[PDB]
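Chemist: Sending over a structure as structure tokens; questions will come in a sec.
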Amino acid sequence: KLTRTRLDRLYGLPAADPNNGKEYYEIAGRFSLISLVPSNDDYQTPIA
Amino acid sequence: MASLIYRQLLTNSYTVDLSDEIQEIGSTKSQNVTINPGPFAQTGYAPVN
């Protein structure tokens with residue numbers, strides 16, 4: 001509920017302030033990345 | 001003697017090594033070739049749309 005207005009029961013974030021006197025937002029996770037790499041060709045080296 | 005001179009020609013082989021190392025040291029560059037693999041895997045990129 002907003003006050004002194006006609007719109008009521010906000011469902012979501014307005015554009016006023018999410019800072020709220022706090023510092024950050026934290027999200028945890030783990031990647032699973034598959035890609036192509038050229039940096040493990042260990043044969044083209046000089047003799048001895 | 002002529003045969004003795006022939007054996008003398010056979011004896012003095014301790015100079016060919018000096019001669020060809022003289023040739024080598026004044027010769028051109030040296031080099032080192034490298035190593036290569038064998039067969040492969042034949043891969044690609046299937047799920048593209």
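Each chain in the structure tokens gets a letter, A, B, ..., in the order shown, and its residues are numbered from 1; ligands are numbered from 1 in order too.
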Which residues of chain B have any atom within 7 Å of an atom in chain A when counting only C-alpha atoms, and what is the closest pair of atoms for each, with the distance in Å to one decimal? Order the rows by chain and rising number and write it as a Markdown table.

Modeler:
| residue | atom | partner | partner_atom | distance |
| --- | --- | --- | --- | --- |
| B:32 | CA | A:46 | CA | 5.7 |
| B:33 | CA | A:46 | CA | 6.2 |
| B:34 | CA | A:46 | CA | 5.0 |
| B:35 | CA | A:43 | CA | 5.1 |
| B:36 | CA | A:43 | CA | 5.8 |
